>>> print(open('my_file.cif').read())   # mmCIF, C-alpha atoms and all ligand atoms
data_work
loop_
_atom_site.label_atom_id
_atom_site.label_comp_id
_atom_site.auth_asym_id
_atom_site.auth_seq_id
_atom_site.Cartn_x
_atom_site.Cartn_y
_atom_site.Cartn_z
CA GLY A 45 -15.63 -22.20 16.58
CA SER A 46 -18.87 -24.18 15.78
CA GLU A 47 -18.69 -26.96 13.21
CA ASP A 48 -22.04 -26.79 11.43
CA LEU A 49 -21.29 -23.10 11.02
CA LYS A 50 -18.08 -24.03 9.19
CA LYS A 51 -20.13 -26.13 6.77
CA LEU A 52 -22.28 -23.08 5.94
CA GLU A 53 -19.22 -21.25 4.61
CA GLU A 54 -18.63 -23.87 1.93
CA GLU A 55 -22.34 -24.26 1.17
CA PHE A 56 -22.68 -20.53 0.54
CA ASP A 57 -19.13 -19.67 -0.58
CA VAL A 58 -18.76 -17.01 2.10
CA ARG A 59 -16.70 -15.87 5.02
CA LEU A 60 -19.02 -16.07 8.04
CA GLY A 61 -18.77 -14.42 11.47
CA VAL A 62 -21.14 -15.35 14.28
CA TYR A 63 -21.46 -14.35 17.94
CA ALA A 64 -24.40 -15.24 20.15
CA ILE A 65 -24.71 -15.22 23.91
CA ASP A 66 -27.64 -16.59 25.86
CA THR A 67 -27.93 -14.38 28.93
CA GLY A 68 -30.11 -16.91 30.74
CA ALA A 69 -28.18 -20.10 29.99
CA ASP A 70 -24.84 -18.32 30.39
CA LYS A 71 -23.53 -19.88 27.21
CA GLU A 72 -22.20 -18.50 23.93
CA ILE A 73 -21.50 -19.74 20.46
CA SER A 74 -19.01 -18.18 18.17
CA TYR A 75 -17.35 -18.56 14.81
CA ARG A 76 -14.73 -16.17 13.40
CA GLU A 77 -16.13 -13.77 15.99
CA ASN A 78 -13.08 -11.47 15.91
CA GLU A 79 -12.73 -11.18 12.13
CA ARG A 80 -13.60 -7.85 10.54
CA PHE A 81 -16.59 -7.27 8.29
CA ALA A 82 -18.11 -4.05 6.99
CA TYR A 83 -21.03 -3.35 9.35
CA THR A 84 -23.09 -1.57 6.64
CA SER A 85 -26.57 -0.66 7.90
CA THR A 86 -26.14 -2.55 11.17
CA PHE A 87 -24.44 0.54 12.62
CA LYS A 88 -27.80 2.31 12.61
CA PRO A 89 -29.15 1.04 15.96
CA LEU A 90 -25.75 1.79 17.56
CA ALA A 91 -26.00 5.38 16.31
CA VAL A 92 -29.56 5.50 17.67
CA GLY A 93 -28.30 4.12 20.98
CA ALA A 94 -25.64 6.82 21.14
CA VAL A 95 -28.25 9.47 20.38
CA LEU A 96 -30.56 8.16 23.12
CA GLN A 97 -27.54 8.03 25.46
CA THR A 98 -26.20 11.53 24.89
CA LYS A 99 -29.05 13.86 23.83
CA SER A 100 -31.48 15.78 26.03
CA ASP A 101 -35.27 15.40 25.66
CA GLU A 102 -35.40 18.75 23.86
CA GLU A 103 -32.65 17.66 21.49
CA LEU A 104 -34.67 14.51 20.70
CA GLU A 105 -37.75 16.60 19.89
CA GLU A 106 -35.81 19.21 17.92
CA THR A 107 -36.67 19.47 14.23
CA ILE A 108 -33.76 18.55 11.96
CA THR A 109 -33.89 20.14 8.51
CA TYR A 110 -32.06 19.00 5.40
CA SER A 111 -32.11 19.62 1.65
CA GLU A 112 -32.95 17.62 -1.47
CA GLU A 113 -29.22 17.67 -2.21
CA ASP A 114 -28.55 15.89 1.10
CA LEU A 115 -30.57 12.83 0.10
CA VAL A 116 -28.46 9.77 -0.70
CA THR A 117 -29.53 6.53 -2.42
CA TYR A 118 -32.43 4.66 -0.75
CA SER A 119 -34.07 7.24 1.51
CA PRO A 120 -37.77 6.30 1.36
CA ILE A 121 -38.80 8.09 4.55
CA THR A 122 -36.49 11.10 4.62
CA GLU A 123 -37.25 11.90 0.97
CA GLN A 124 -40.83 12.60 2.07
CA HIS A 125 -39.87 15.36 4.52
CA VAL A 126 -37.33 17.62 2.80
CA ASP A 127 -39.56 20.67 3.24
CA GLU A 128 -40.44 20.30 6.92
CA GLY A 129 -37.69 18.21 8.52
CA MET A 130 -37.90 15.38 11.06
CA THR A 131 -37.14 14.86 14.76
CA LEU A 132 -34.17 12.71 15.83
CA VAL A 133 -36.61 10.09 17.10
CA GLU A 134 -38.41 10.01 13.74
CA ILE A 135 -35.03 9.84 12.02
CA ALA A 136 -34.03 6.96 14.32
CA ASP A 137 -37.24 5.12 13.48
CA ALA A 138 -36.63 5.50 9.74
CA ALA A 139 -33.01 4.38 10.02
CA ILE A 140 -33.79 1.26 12.02
CA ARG A 141 -37.14 0.09 10.65
CA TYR A 142 -36.62 0.93 6.97
CA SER A 143 -32.81 1.25 6.71
CA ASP A 144 -33.23 4.78 5.37
CA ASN A 145 -29.72 5.90 4.34
CA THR A 146 -30.11 9.66 4.71
CA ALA A 147 -31.58 8.94 8.16
CA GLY A 148 -28.34 7.10 8.90
CA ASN A 149 -26.37 10.17 7.84
CA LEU A 150 -28.48 12.50 9.96
CA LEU A 151 -27.76 10.30 12.99
CA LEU A 152 -24.03 10.31 12.24
CA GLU A 153 -24.09 14.10 11.86
CA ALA A 154 -26.06 14.56 15.09
CA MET A 155 -23.31 12.63 16.89
CA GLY A 156 -20.51 14.78 15.40
CA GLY A 157 -19.62 12.47 12.52
CA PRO A 158 -18.34 8.88 12.28
CA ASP A 159 -15.11 9.52 14.18
CA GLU A 160 -16.90 11.20 17.10
CA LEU A 161 -19.50 8.43 17.27
CA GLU A 162 -16.61 5.97 17.32
CA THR A 163 -15.19 7.73 20.38
CA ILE A 164 -18.59 7.50 22.12
CA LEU A 165 -18.72 3.78 21.47
CA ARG A 166 -15.12 3.39 22.74
CA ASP A 167 -16.29 4.92 26.02
CA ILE A 168 -18.99 2.29 26.54
CA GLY A 169 -16.44 -0.41 25.90
CA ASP A 170 -16.39 -1.03 22.15
CA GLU A 171 -12.66 -1.19 21.39
CA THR A 172 -13.25 -2.67 17.95
CA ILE A 173 -15.61 -0.64 15.78
CA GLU A 174 -13.83 1.61 13.27
CA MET A 175 -16.13 4.25 11.75
CA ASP A 176 -15.05 6.65 9.01
CA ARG A 177 -17.53 7.32 6.21
CA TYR A 178 -21.15 8.31 5.64
CA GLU A 179 -23.82 6.53 3.58
CA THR A 180 -23.48 5.20 1.01
CA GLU A 181 -19.66 5.14 0.78
CA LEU A 182 -19.46 3.19 4.05
CA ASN A 183 -20.91 0.17 2.20
CA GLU A 184 -17.80 -0.38 0.06
CA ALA A 185 -16.61 -3.35 2.17
CA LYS A 186 -13.26 -3.81 0.45
CA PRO A 187 -11.46 -6.77 2.00
CA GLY A 188 -8.66 -5.71 4.36
CA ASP A 189 -9.89 -2.12 4.47
CA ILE A 190 -10.52 -1.21 8.14
CA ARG A 191 -12.91 1.66 7.40
CA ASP A 192 -16.48 1.15 8.63
CA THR A 193 -15.82 -2.30 10.05
CA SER A 194 -16.37 -4.25 13.22
CA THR A 195 -16.62 -7.88 14.30
CA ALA A 196 -19.57 -10.10 15.13
CA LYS A 197 -18.57 -10.16 18.82
CA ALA A 198 -18.21 -6.38 19.06
CA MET A 199 -21.48 -5.66 17.23
CA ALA A 200 -23.36 -8.11 19.46
CA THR A 201 -21.75 -6.76 22.64
CA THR A 202 -22.38 -3.12 21.84
CA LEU A 203 -26.01 -3.81 20.88
CA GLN A 204 -26.32 -5.65 24.18
CA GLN A 205 -25.08 -2.62 26.10
CA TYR A 206 -27.77 -0.39 24.60
CA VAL A 207 -30.69 -2.80 24.53
CA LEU A 208 -30.17 -4.93 27.64
CA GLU A 209 -27.76 -3.11 29.95
CA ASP A 210 -28.03 0.30 31.61
CA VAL A 211 -26.45 2.67 29.10
CA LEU A 212 -29.92 4.10 28.32
CA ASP A 213 -32.64 5.31 30.64
CA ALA A 214 -35.37 2.65 30.81
CA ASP A 215 -37.86 4.75 28.83
CA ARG A 216 -35.42 5.34 25.97
CA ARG A 217 -34.26 1.72 26.13
CA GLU A 218 -37.86 0.67 25.44
CA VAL A 219 -38.07 3.08 22.48
CA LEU A 220 -34.96 1.52 20.90
CA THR A 221 -36.12 -2.00 21.72
CA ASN A 222 -39.48 -1.45 20.02
CA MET A 223 -37.89 0.02 16.89
CA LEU A 224 -35.82 -3.15 16.57
CA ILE A 225 -38.80 -5.42 17.26
CA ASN A 226 -40.75 -3.55 14.56
CA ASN A 227 -38.03 -3.68 11.92
CA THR A 228 -39.52 -4.33 8.46
CA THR A 229 -36.43 -5.59 6.58
CA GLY A 230 -35.45 -8.78 8.41
CA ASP A 231 -38.18 -11.37 7.85
CA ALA A 232 -35.89 -13.70 5.84
CA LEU A 233 -32.88 -13.51 8.18
CA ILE A 234 -32.65 -14.09 11.97
CA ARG A 235 -36.46 -14.00 12.17
CA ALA A 236 -36.74 -16.91 9.73
CA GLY A 237 -34.58 -19.11 11.99
CA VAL A 238 -36.42 -18.55 15.27
CA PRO A 239 -39.38 -20.66 16.47
CA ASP A 240 -42.93 -19.29 16.29
CA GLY A 241 -43.96 -17.21 19.29
CA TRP A 242 -40.46 -15.96 20.05
CA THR A 243 -39.93 -12.20 19.87
CA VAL A 244 -37.07 -10.79 17.78
CA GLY A 245 -35.61 -7.33 17.39
CA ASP A 246 -33.08 -6.92 14.59
CA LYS A 247 -31.25 -4.72 12.14
CA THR A 248 -30.07 -5.99 8.76
CA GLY A 249 -27.26 -4.86 6.52
CA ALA A 250 -26.08 -5.36 2.94
CA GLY A 251 -23.13 -3.92 1.07
CA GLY A 252 -20.21 -4.45 -1.24
CA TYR A 253 -18.41 -7.76 -1.78
CA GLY A 254 -21.63 -9.65 -1.07
CA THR A 255 -21.78 -8.42 2.53
CA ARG A 256 -24.91 -9.55 4.36
CA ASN A 257 -25.43 -8.99 8.10
CA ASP A 258 -28.12 -9.18 10.75
CA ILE A 259 -27.79 -8.28 14.44
CA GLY A 260 -30.46 -8.59 17.06
CA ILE A 261 -31.97 -9.78 20.28
CA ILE A 262 -34.14 -12.90 20.66
CA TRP A 263 -36.57 -13.33 23.55
CA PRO A 264 -37.66 -16.97 23.78
CA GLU A 265 -41.36 -17.32 24.46
CA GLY A 266 -42.29 -17.28 28.10
CA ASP A 267 -40.35 -14.46 29.50
CA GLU A 268 -37.09 -16.32 29.16
CA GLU A 269 -33.90 -14.23 29.35
CA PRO A 270 -32.74 -12.95 25.95
CA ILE A 271 -30.13 -14.11 23.48
CA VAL A 272 -27.93 -11.49 21.83
CA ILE A 273 -26.85 -12.38 18.30
CA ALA A 274 -24.74 -10.97 15.46
CA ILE A 275 -24.22 -12.64 12.12
CA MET A 276 -21.92 -11.04 9.56
CA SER A 277 -20.82 -12.34 6.19
CA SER A 278 -18.98 -11.41 3.01
CA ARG A 279 -17.60 -12.87 -0.21
CA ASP A 280 -14.54 -12.67 -2.50
CA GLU A 281 -15.92 -10.76 -5.48
CA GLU A 282 -16.74 -7.04 -5.55
CA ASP A 283 -20.15 -7.53 -7.17
CA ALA A 284 -20.94 -10.85 -5.48
CA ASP A 285 -24.50 -11.67 -4.48
CA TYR A 286 -25.62 -12.83 -1.06
CA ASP A 287 -28.21 -15.42 -0.03
CA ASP A 288 -30.51 -14.65 2.93
CA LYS A 289 -30.76 -18.41 3.62
CA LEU A 290 -27.23 -18.24 5.04
CA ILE A 291 -28.45 -16.04 7.89
CA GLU A 292 -31.57 -18.10 8.58
CA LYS A 293 -29.51 -21.31 8.71
CA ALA A 294 -26.82 -19.79 10.93
CA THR A 295 -29.58 -18.72 13.32
CA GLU A 296 -31.02 -22.23 13.41
CA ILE A 297 -27.58 -23.66 14.21
CA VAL A 298 -27.02 -21.08 16.97
CA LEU A 299 -30.32 -21.92 18.64
CA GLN A 300 -29.64 -25.66 18.37
CA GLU A 301 -26.35 -25.09 20.20
CA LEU A 302 -27.58 -22.65 22.83
CA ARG A 303 -30.83 -24.30 23.57
CA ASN A 304 -29.50 -27.80 23.79
CA CA B 1 -26.57 -14.51 32.95
CA CA B 2 -15.19 -18.38 20.04
CA CA B 3 -32.78 10.53 -4.70
CA CA B 4 -14.41 -3.91 25.50
CA CA B 5 -12.45 6.38 12.48
CA CA B 6 -11.67 9.04 10.10
CA CA B 7 -33.37 10.95 30.45
CA CA B 8 -37.36 10.80 29.61
CL CL B 9 -15.64 11.91 10.91
#
>>> encode(input="my_file.cif", output="C-alpha cells")
Amino acid sequence: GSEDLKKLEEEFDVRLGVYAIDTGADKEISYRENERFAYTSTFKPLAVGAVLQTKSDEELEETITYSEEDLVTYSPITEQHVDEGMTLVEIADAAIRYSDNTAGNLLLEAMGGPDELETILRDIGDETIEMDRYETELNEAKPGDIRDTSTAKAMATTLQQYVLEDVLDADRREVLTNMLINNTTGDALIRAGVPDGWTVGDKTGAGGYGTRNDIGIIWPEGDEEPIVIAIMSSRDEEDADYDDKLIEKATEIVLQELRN
C-alpha cells in the first residue's frame, strides 16, 4: 500500500497497519491492512457497541456489582465504585474515555465472555477479530499468536458498523459516538494529525511488544461526510517502547492522500 507509510516503518522501527476510508470521497488508503496486531484497548468501543446492540434499556440501567478482588491493573474509575457498583453505560464510559481495564472486563463479561462477543461481531460481518482473554492478559501481543488480534481493516470496518451504519438505534449510536469524541487518552495520536476545527472520536491502545494503536472517526469541518480510520503498530522486542509520533504522522499521510 501507501509509500510514505512504508517510510514510517523504517523511521520508527515498527510494523505498521493502516486502513482509512473516506465515506464522502469514496476513497481508501491502506497499508498492511490485513496483517494481524493485538487490538489491546481498542476492543473496548466494539464491546460497547455490542452491548448497545444487544441489551435492553433496563439491562443498560442495571447496577453491576463487583469486588476489590475483581480489579485489574489500571482501573481508575471502577476502583472508585467497588461498594456500590456501576451501570453498563457508566462502565462503557469508563472503558472508552479512560481505558479503564476492569471496565473492559465487565463489558466482556456482560457479553458472555470474549468468545461470545467474538460470535456477536461475526454476525455483523467481522470475520477477522479473534478474542480470547480478559484484561490485562489480552495485552500480551506475542508475534504470531492469534489470541486477541485483528487487522486494521477489520477494526475500522467494525467500528464503522457501530458508529456510522445502522447496527445501533440512533439514540444509542449517539451515546457511543459522544464517548469516542470525548475520549481523554488520544490527544497525541490521530487527534494530533487532524486539522483544527475537525471533530474526532477515537480509542487508543497500548500493549506488549511495543504495540500502539488508535482507531476512530474523523468528521472534517463543515458537515463533510466522515472518514473511518484504524492505525495499528507493533515492534520486534517484548519490552519495546512505542512513539506516539508514529500515529500522528500516519494520520497526516492518510489525510494528505484522501483529501488530495
Ligand atoms: Ca460513499
Ligand atoms: Ca490496500
Ligand atoms: Ca489495584
Ligand atoms: Ca466481512
Ligand atoms: Ca476466540
Ligand atoms: Ca477461546
Ligand atoms: Ca432500543
Ligand atoms: Ca432507547
Ligand atoms: Cl471466552
>>> atom_distance(input="my_file.cif", atom1="atom CA of residue 228 of chain A", atom2="atom CA of residue 277 of chain A")
20.5 Å
>>> closest_residue(input="my_file.cif", among="A:238, A:59, A:161, A:256", to="residue 296 of chain A", atoms="all atoms listed in the file")
A:238
>>> residues_around(input="my_file.cif", residues="residue 168 of chain A", least_positions_apart="3", cutoff="8 Å", atoms="only C-alpha atoms", output="short mmCIF file (atom, residue, chain, number, x, y, z; two decimals) with C-alpha atoms, keeping the file's coordinate frame")
data_model
loop_
_atom_site.label_atom_id
_atom_site.label_comp_id
_atom_site.auth_asym_id
_atom_site.auth_seq_id
_atom_site.Cartn_x
_atom_site.Cartn_y
_atom_site.Cartn_z
CA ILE A 164 -18.59 7.50 22.12
CA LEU A 165 -18.72 3.78 21.47
CA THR A 202 -22.38 -3.12 21.84
CA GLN A 205 -25.08 -2.62 26.10
CA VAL A 211 -26.45 2.67 29.10
#
>>> closest_residue(input="my_file.cif", among="A:199, A:247, A:263, A:236", to="residue 292 of chain A", atoms="all atoms listed in the file")
A:236
>>> residues_near_ligand(input="my_file.cif", ligand="ligand CA 7 (chain B)", cutoff="7 Å", atoms="only C-alpha atoms and all ligand atoms", output="ChimeraX atom specification")
/A:100-101,213
>>> residues_around(input="my_file.cif", residues="residue 133 of chain A", least_positions_apart="4", cutoff="8 Å", atoms="only C-alpha atoms", output="number ranges by chain")
A: 104-105, 137
>>> write_last_selection(input="my_file.cif", atoms="C-alpha atoms", output="PDB file, keeping the file's coordinate frame")
ATOM      1  CA  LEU A 104     -34.670  14.510  20.700  1.00  0.00           C
ATOM      2  CA  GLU A 105     -37.750  16.600  19.890  1.00  0.00           C
ATOM      3  CA  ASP A 137     -37.240   5.120  13.480  1.00  0.00           C
TER       4      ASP A 137
END
>>> residues_around(input="my_file.cif", residues="residue 48 of chain A", least_positions_apart="3", cutoff="8 Å", atoms="all atoms listed in the file", output="list in words")
residues 51, 52 and 297 of chain A
>>> closest_residue(input="my_file.cif", among="A:110, A:240, A:97, A:235", to="residue 167 of chain A", atoms="all atoms listed in the file")
A:97
>>> atom_distance(input="my_file.cif", atom1="atom CA of residue 58 of chain A", atom2="atom CA of residue 279 of chain A")
4.9 Å
>>> closest_residue(input="my_file.cif", among="A:121, A:259, A:94, A:139", to="residue 223 of chain A", atoms="all atoms listed in the file")
A:139
>>> atom_distance(input="my_file.cif", atom1="atom CA of residue 138 of chain A", atom2="atom CA of residue 209 of chain A")
23.7 Å
>>> closest_residue(input="my_file.cif", among="A:99, A:141, A:186, A:191", to="residue 231 of chain A", atoms="all atoms listed in the file")
A:141
>>> closest_residue(input="my_file.cif", among="A:151, A:60, A:284, A:271", to="residue 81 of chain A", atoms="only C-alpha atoms")
A:60
>>> closest_atom_pairs(input="my_file.cif", of="chain A", to="ligand CA 4 (chain B)", cutoff="7 Å", atoms="all atoms listed in the file", output="Markdown table")
| residue | atom | partner | partner_atom | distance |
| --- | --- | --- | --- | --- |
| A:169 | CA | B:CA4 | CA | 4.1 |
| A:170 | CA | B:CA4 | CA | 4.8 |
| A:171 | CA | B:CA4 | CA | 5.2 |
>>> residues_near_ligand(input="my_file.cif", ligand="ligand CA 6 (chain B)", cutoff="10 Å", atoms="all atoms listed in the file", output="PDB file with C-alpha atoms, keeping the file's coordinate frame")
ATOM      1  CA  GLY A 157     -19.620  12.470  12.520  1.00  0.00           C
ATOM      2  CA  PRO A 158     -18.340   8.880  12.280  1.00  0.00           C
ATOM      3  CA  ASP A 159     -15.110   9.520  14.180  1.00  0.00           C
ATOM      4  CA  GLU A 160     -16.900  11.200  17.100  1.00  0.00           C
ATOM      5  CA  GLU A 162     -16.610   5.970  17.320  1.00  0.00           C
ATOM      6  CA  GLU A 174     -13.830   1.610  13.270  1.00  0.00           C
ATOM      7  CA  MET A 175     -16.130   4.250  11.750  1.00  0.00           C
ATOM      8  CA  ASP A 176     -15.050   6.650   9.010  1.00  0.00           C
ATOM      9  CA  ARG A 177     -17.530   7.320   6.210  1.00  0.00           C
ATOM     10  CA  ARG A 191     -12.910   1.660   7.400  1.00  0.00           C
ATOM     11  CA  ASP A 192     -16.480   1.150   8.630  1.00  0.00           C
TER      12      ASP A 192
END
>>> residues_near_ligand(input="my_file.cif", ligand="ligand CA 3 (chain B)", cutoff="9 Å", atoms="only C-alpha atoms and all ligand atoms", output="list in words")
residues 112, 113, 114, 115, 116, 117, 118, 119, 120 and 123 of chain A
>>> write_last_selection(input="my_file.cif", atoms="C-alpha atoms", output="mmCIF file, keeping the file's coordinate frame")
data_model
loop_
_atom_site.group_PDB
_atom_site.id
_atom_site.type_symbol
_atom_site.label_atom_id
_atom_site.label_comp_id
_atom_site.auth_asym_id
_atom_site.auth_seq_id
_atom_site.Cartn_x
_atom_site.Cartn_y
_atom_site.Cartn_z
ATOM 1 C CA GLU A 112 -32.950 17.620 -1.470
ATOM 2 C CA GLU A 113 -29.220 17.670 -2.210
ATOM 3 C CA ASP A 114 -28.550 15.890 1.100
ATOM 4 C CA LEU A 115 -30.570 12.830 0.100
ATOM 5 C CA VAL A 116 -28.460 9.770 -0.700
ATOM 6 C CA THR A 117 -29.530 6.530 -2.420
ATOM 7 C CA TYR A 118 -32.430 4.660 -0.750
ATOM 8 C CA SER A 119 -34.070 7.240 1.510
ATOM 9 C CA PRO A 120 -37.770 6.300 1.360
ATOM 10 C CA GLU A 123 -37.250 11.900 0.970
#
>>> residues_around(input="my_file.cif", residues="segment 89-91 of chain A", least_positions_apart="4", cutoff="7 Å", atoms="all atoms listed in the file", output="number ranges by chain")
A: 95, 140, 151-152, 203
>>> residues_around(input="my_file.cif", residues="residue 300 of chain A", least_positions_apart="6", cutoff="12 Å", atoms="only C-alpha atoms", output="list in words")
residues 46, 48, 49, 64, 66, 72, 73, 237, 238, 239, 293 and 294 of chain A
>>> decode(input="my_file.cif", residues="segment 162-175 of chain A", atoms="N, CA, C and O atoms", output="compact mmCIF listing (two decimals), in the first residue's frame")
# COMPACT_ATOMS: atom_id res chain seq x y z
N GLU A 162 -17.01 -12.38 20.35
CA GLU A 162 -16.49 -12.69 19.03
C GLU A 162 -17.61 -13.17 18.10
O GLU A 162 -17.70 -12.72 16.95
N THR A 163 -18.47 -14.05 18.59
CA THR A 163 -19.56 -14.56 17.78
C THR A 163 -20.54 -13.45 17.38
O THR A 163 -21.06 -13.43 16.26
N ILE A 164 -20.78 -12.52 18.29
CA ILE A 164 -21.64 -11.36 18.01
C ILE A 164 -21.04 -10.52 16.90
O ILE A 164 -21.74 -10.06 15.98
N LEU A 165 -19.74 -10.29 16.98
CA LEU A 165 -19.08 -9.50 15.94
C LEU A 165 -19.06 -10.24 14.59
O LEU A 165 -19.20 -9.61 13.54
N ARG A 166 -18.89 -11.56 14.62
CA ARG A 166 -19.01 -12.36 13.39
C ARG A 166 -20.34 -12.07 12.70
O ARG A 166 -20.42 -11.94 11.46
N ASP A 167 -21.40 -11.99 13.49
CA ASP A 167 -22.75 -11.85 12.95
C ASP A 167 -23.04 -10.47 12.37
O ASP A 167 -24.00 -10.30 11.64
N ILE A 168 -22.21 -9.46 12.69
CA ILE A 168 -22.35 -8.18 12.00
C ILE A 168 -21.29 -8.01 10.92
O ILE A 168 -21.10 -6.92 10.38
N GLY A 169 -20.61 -9.12 10.61
CA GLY A 169 -19.72 -9.15 9.47
C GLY A 169 -18.23 -9.12 9.74
O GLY A 169 -17.45 -9.06 8.80
N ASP A 170 -17.81 -9.16 11.00
CA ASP A 170 -16.39 -9.16 11.29
C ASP A 170 -15.90 -10.61 11.30
O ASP A 170 -16.08 -11.32 12.28
N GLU A 171 -15.26 -11.02 10.21
CA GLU A 171 -14.79 -12.40 10.07
C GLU A 171 -13.39 -12.58 10.63
O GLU A 171 -12.88 -13.69 10.68
N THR A 172 -12.79 -11.47 11.06
CA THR A 172 -11.37 -11.41 11.38
C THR A 172 -11.02 -11.43 12.86
O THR A 172 -10.09 -12.12 13.28
N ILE A 173 -11.74 -10.65 13.66
CA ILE A 173 -11.35 -10.49 15.06
C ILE A 173 -11.35 -11.84 15.79
O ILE A 173 -12.26 -12.66 15.62
N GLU A 174 -10.30 -12.08 16.56
CA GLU A 174 -10.17 -13.31 17.34
C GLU A 174 -9.99 -12.88 18.79
O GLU A 174 -8.95 -12.30 19.15
N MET A 175 -11.01 -13.13 19.62
CA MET A 175 -10.99 -12.68 21.02
C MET A 175 -10.89 -13.89 21.93
O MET A 175 -11.59 -14.87 21.70
